[PDB]
2 protein chains.
Amino acid sequence: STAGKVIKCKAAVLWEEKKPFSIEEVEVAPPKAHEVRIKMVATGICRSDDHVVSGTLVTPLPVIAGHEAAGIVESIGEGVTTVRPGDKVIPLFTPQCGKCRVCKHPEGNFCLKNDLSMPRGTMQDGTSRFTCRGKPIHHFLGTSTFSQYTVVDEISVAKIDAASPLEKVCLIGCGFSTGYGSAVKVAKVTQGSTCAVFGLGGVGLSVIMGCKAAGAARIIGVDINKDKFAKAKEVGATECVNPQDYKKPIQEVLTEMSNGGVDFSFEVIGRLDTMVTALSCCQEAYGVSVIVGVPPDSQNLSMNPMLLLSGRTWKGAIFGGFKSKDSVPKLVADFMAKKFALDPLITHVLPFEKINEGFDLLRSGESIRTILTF
Amino acid sequence: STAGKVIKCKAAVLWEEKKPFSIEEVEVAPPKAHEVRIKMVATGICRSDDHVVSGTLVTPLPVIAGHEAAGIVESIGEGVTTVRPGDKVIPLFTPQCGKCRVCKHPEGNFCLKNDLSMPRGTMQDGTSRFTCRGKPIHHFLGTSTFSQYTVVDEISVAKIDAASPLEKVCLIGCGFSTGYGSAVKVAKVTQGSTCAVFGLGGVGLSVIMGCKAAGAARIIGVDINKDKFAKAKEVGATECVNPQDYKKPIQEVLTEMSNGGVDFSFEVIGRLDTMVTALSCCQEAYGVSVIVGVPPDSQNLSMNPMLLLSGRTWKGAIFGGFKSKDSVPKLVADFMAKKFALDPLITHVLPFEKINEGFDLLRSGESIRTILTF
Ligand SMILES: NC(=O)c1ccc[n+]([C@@H]2O[C@H](COP(=O)([O-])OP(=O)([O-])OC[C@H]3O[C@@H](n4cnc5c(N)[nH+]cnc54)[C@H](O)[C@@H]3O)[C@@H](O)[C@H]2O)c1
Ligand SMILES: NC(=O)c1ccc[n+]([C@@H]2O[C@H](COP(=O)([O-])OP(=O)([O-])OC[C@H]3O[C@@H](n4cnc5c(N)[nH+]cnc54)[C@H](O)[C@@H]3O)[C@@H](O)[C@H]2O)c1
Ligand SMILES: [Zn+2]
Ligand SMILES: [Zn+2]
Ligand SMILES: [Zn+2]
Ligand SMILES: [Zn+2]
């Protein structure tokens, strides 16, 4: 039995940037008040986890990364009311405290308790529940899912359907929800519209799914890797373009293709240049462009504000605009009710011990989502 | 007595950047098919007219500037159906052709026939109706209201109430409608919200009017000229701040004043740095910032896209988002019914012949709107 006790378990520790993960034994403290200890069942490899490795996304090291996951509650701390031992859960990398001005706002979801703006790499109380070789190890986004067990604050966990297939619904913890919500909630794609999606990875494919669900007439996928095009068409892209195939800048190409600019564009890569291209290719008077890709640390883009003065709208969002704790259980229920598909995103399923191989598949261009199973 | 004839009249010709206007005789050709010749009654001095002088807003020279005005139709060309001789009219610097994709779109107002995005300084047929000293003179935004007579395309004029006071309602041709619409239509300011308005000239005061009409609880005016504060409070500012008074950057000040960022911010100046400051000061998860000011020609701003990724919305608009020909007559009718006030904007009245004094008043910081009478 493990409740109230330190657990020794396997985790993937990142000791420094640009190194493989180290799979080794960690100690996981029991949960304090308003904390939840979770036995991991499956976790996805999101490009944002690779950003921690590459130093694109700065967070304190050493760290247990991983934020797209699902598992089963092993134990609860004093005062927890929202989950119980044995419940299936999804950790929430964007918390929902329910008390801050953002949580109380009808359209806000970036709760002020997040650890993304100004990452500390701790629990809410400023301390870590992880040690490895006698050293404290940082948390990541209040989740840290590259471990057989994690501890999360109550505001960073949602209870989901007991009959949930966790090897699929772990994608509702980041990539599916982000892309789908970016289309249906943040952009509010309209029926009959023309959309352009920059980046056809797991998140970009989820954007396509949402644009098709919203009734877009045309969905143009844009990627420099033409191997991504077949799956993009399977999930709703009406045509795909590779910028490398053209002499002109792709914003000019997309403007021409859409007879004067697209209704909605999405940046789902994480490059400054594609953020500006995606804004430019939306119609100058009424177009909307949404930034989804995480930009490189501390780098500014350059743009001409006449792109906005003519009437464009530019916005971004975390986690598809979804209020996390309210939304994740409903998304799982909707998945169970066959409202959307997750299998198109899953290209590889590996044991957790093969995490590095899973990252190598992402980096080589050869996977969409690898799901790691504990 | 002048239908079909060239009219010789006085106009304010700008021969050179950074020089006074020259009040001198021009020849005004009669209207061609689908053109309208207007006897001007009143015209306002908008900062954008000054931008032509300063080279902030590039348009071909020599030019007859002026775009905020009202007059009486002197004659109509073949095929004109929407105005008649003797009608009161407001020239529309943003046309409404009614046929392009923007005009057909429910939100769009920046008609594709505009002469603002890539100014040519002509009529829609690519020619000029003005001669001065035997030389062709450019038009400005299809309006050219600094002339006793102008000729406009039919899509650039609206018929207004016959009982209209033209010396007031000329402001509906630019500054009032732009500011008011930026608040009520583009930003969609909500009841009980906190707004920040950067720049307290005629347009920024009109933004304040719109924020107060929408029910904002707090309206923070921001200007480096504290002489602008008294009028801003008269039209609805709850408080005014001068960035020069503070050690910290004003985005930090406004974030602290609003307990974490404002709901809606407006850039109503035309500076790259205040466009980024105005974005930053709106709440990071759900704030909206609207660019109204005209930026210096061909210059790019630099910004961190994390400001958008957290959830901010950034947009701009021309003419307050109003579809011009539909909206201008309705705005005039609402003015006549006392639904808004224009007198607070009018600080000086001069004859047209004193146009250069009117520009001096704007440049010194003394005036809001000077109205020139023909
Ligand atoms: N906003 C959020 O909440 C959120 C959530 C999840 C992911 N992200 C970010 O979203 C981005 C995509 O994540 P993912 O789908 O897991 O990544 P991914 O699977 O690496 O997909 C990125 C795609 O972009 C393509 N690409 C790379 N460079 C270019 C280019 N120059 N032009 C066109 N295509 C290009 C690339 O070939 C690949 O198919 C990353 O930056 C993530 O960090 C953000
Ligand atoms: N988008 C449109 O359709 C549209 C329409 C009309 C005007 N404009 C532009 O809107 C802007 C305002 O026009 P206006 O009200 O006639 O001009 P204005 O009367 O010159 O007002 C501008 C105000 O900005 C203040 N100001 C200058 N620098 C700063 C600073 N650094 N910080 C804070 N305040 C500062 C200044 O003191 C003045 O009161 C100009 O750039 C116009 O070209 C745009
Ligand atoms: Zn919160
Ligand atoms: Zn992610
Ligand atoms: Zn049009
Ligand atoms: Zn103007």
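Residues numbered from 1 in each chain as written, not as in the entry; some residues may be left out. Chains lettered and ligands numbered in written order. Heavy atoms only, no water.

In terms of determination method and resolution, the entry is listed under X-ray crystallography at 1.1000 Å.

The name given to chain A in the PDB entry is Alcohol dehydrogenase E chain, with Equus caballus as the source organism. The record for the entry shows the title "Horse liver alcohol dehydrogenase complexed with NAD+ and 2,2,2-trifluoroethanol at 150 K". According to UniProt, the comment filed for chain A under the heading Subcellular location is "Cytoplasm". Under the Sequence similarities heading, UniProt states for chain A: "Belongs to the zinc-containing alcohol dehydrogenase family. Class-I subfamily." (UniProt positions renumbered as here; feature names shortened; annotations may be inferred.)

J.: Now, about the interface of chain A and chain B: what can you tell me, with residues and values included?
T.: Across the contact, 41 residues belong to chain A and 41 residues belong to chain B. With both chains or domains summed, chain A and chain B bury close to 3,400 Å², and 61% of this area falls on carbon and sulfur atoms. Contact with chain B buries area across many residues of chain A, yet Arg101(A), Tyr286(A) and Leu309(A) alone supply 21% of it, more than any other trio. The tally of links from chain A across to chain B stands at zero salt bridges. Counting across the interface, chain A meets chain B through 21 residue pairs in polar contact. Secondary-structure elements contributing two or more residues to the side of chain A that touches chain B are α2 (101-104), α8 (272-281), β15 (301-303), α9 (306-309) and β16 (313-316) of chain A. For the side of chain A that touches chain B, the element with the highest residue contribution is β16(A), accounting for four residues. Taken together, the residues of the side of chain A that touches chain B sort by class into 20 nonpolar, 17 polar and four charged. (Contact = heavy atoms within 4.5 Å. Buried area = accessible area lost by both parts, 1.4 Å probe. Salt bridge = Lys/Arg side-chain N within 4 Å of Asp/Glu carboxyl O. Polar contact = N/O pair within 3.5 Å; in protein donor to acceptor, adjacent residues only side chain to side chain. Helix = DSSP H or I, 4+ residues; strand = E, 2+ residues; numbered from the N terminus. Nonpolar A, V, L, I, M, F, W, Y, C, P; charged D, E, K, R; others polar.)

J.: Hey, could you go over the sheet that holds strand β11 (residues 218-222) of chain A for me, with residue numbers and the actual values?
T.: Overall, mixed pairing links the twelve strands, which are arranged β12(A)-β11(A)-β10(A)-β13(A)-β14(A)-β16(A)-β16(B)-β14(B)-β13(B)-β10(B)-β11(B)-β12(B) in an open sheet. In this open sheet, the two edge strands, each paired with only one partner strand, are β12 (239-241) of chain A together with β12 (239-241) of chain B. Strand-to-strand, the axes of this sheet are offset by a mean angle of 15°, without reference to chain direction. As judged from the four bridges shared by strand β14 (residues 288-291) of chain B and strand β16 (residues 313-316) of chain B, these two strands associate in the parallel manner. Each residue of the ladder has a partner; that of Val288(B), found in β16(B), is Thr313(B). (Pairing = 2+ DSSP bridges. Axes fitted to C-alpha atoms, helices over the stretch in contact; angles between N-to-C directions.)

J.: Tell me about the site of ligand 1, residues and numbers included.
T.: Close to ligand 1 lie 28 residues; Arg47(A), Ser48(A), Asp223(A), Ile269(A) and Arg369(A) are nearest. Chain contributions to the surroundings of ligand 1 come from chains A and B. One of the side-chain N or O atoms of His51(A) is found 3.0 Å from an oxygen atom in ligand 1. Residue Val292(A) places a main-chain N or O atom 2.9 Å away from a nitrogen atom belonging to ligand 1. (Near = heavy atom within 4 Å.)

J.: Residues and numbers for the coordination of the zinc ion (ligand 3), please.
T.: Residue and element names in this part refer to chain A. Binding of the zinc ion (ligand 3) to the protein goes through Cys97 (SG), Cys100 (SG), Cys103 (SG) and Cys111 (SG), at separations of 2.3 to 2.4 Å. With four donor atoms in place around the zinc ion (ligand 3) and angles of 104 to 119° between them, the coordination shape is tetrahedral. For the zinc ion (ligand 3), all donor residues lie on one chain, and their spacing in sequence is C-x2-C-x2-C-x7-C. The exposure classification of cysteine 103 matches that of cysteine 111, with both residues buried. (Donors = N, O, S within 2.8 Å, 3.2 Å for Na, K, Ca; no water. Tetrahedral: all angles 85-135°; square planar, octahedral: opposite > 155°, others 65-115°. Buried < 20%, exposed > 50% of the residue type's maximum accessible area, 1.4 Å probe, protein only.)

J.: Hey, could you go over the UniProt feature "binding site: Zn(2+) 2" in chain A for me, with residue numbers and the actual values?
T.: Residue and element names in this part refer to chain A. Under the UniProt annotation, the feature "binding site: Zn(2+) 2" is placed at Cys97, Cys100, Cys103 and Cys111. Note that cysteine 97 resides in the loop between β5 (88-91) and α2. Those residues in contact with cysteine 97 that sit more than four places away from it in its chain are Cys103, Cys111, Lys113 and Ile155. With respect to the helices and strands, the residue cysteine 100 is situated in the loop between β5 and α2. If near-sequence neighbours (up to four positions away) are discounted, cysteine 100 is found in contact with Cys111 and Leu112.

J.: Talk me through the nonpolar core; I want residue IDs and the actual numbers.
T.: Counting residues in each nonpolar core, the largest one holds 244 residues, and the members touching the most others are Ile172(A), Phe266(A), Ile172(B), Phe176(B), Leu254(B), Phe266(B) and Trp314(B). With residues near it in sequence (within four places) discarded, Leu254(B) still touches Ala196(B), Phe198(B), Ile220(B), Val222(B), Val241(B), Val262(B) and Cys281(B). In terms of nonpolar packing, the next biggest core, distinct from the first, is built from ten residues, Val36(B), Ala69(B), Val80(B) and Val89(B) among them. (Core = buried A, V, L, I, M, F, W, Y, C linked by side-chain atoms within 4.5 Å.)

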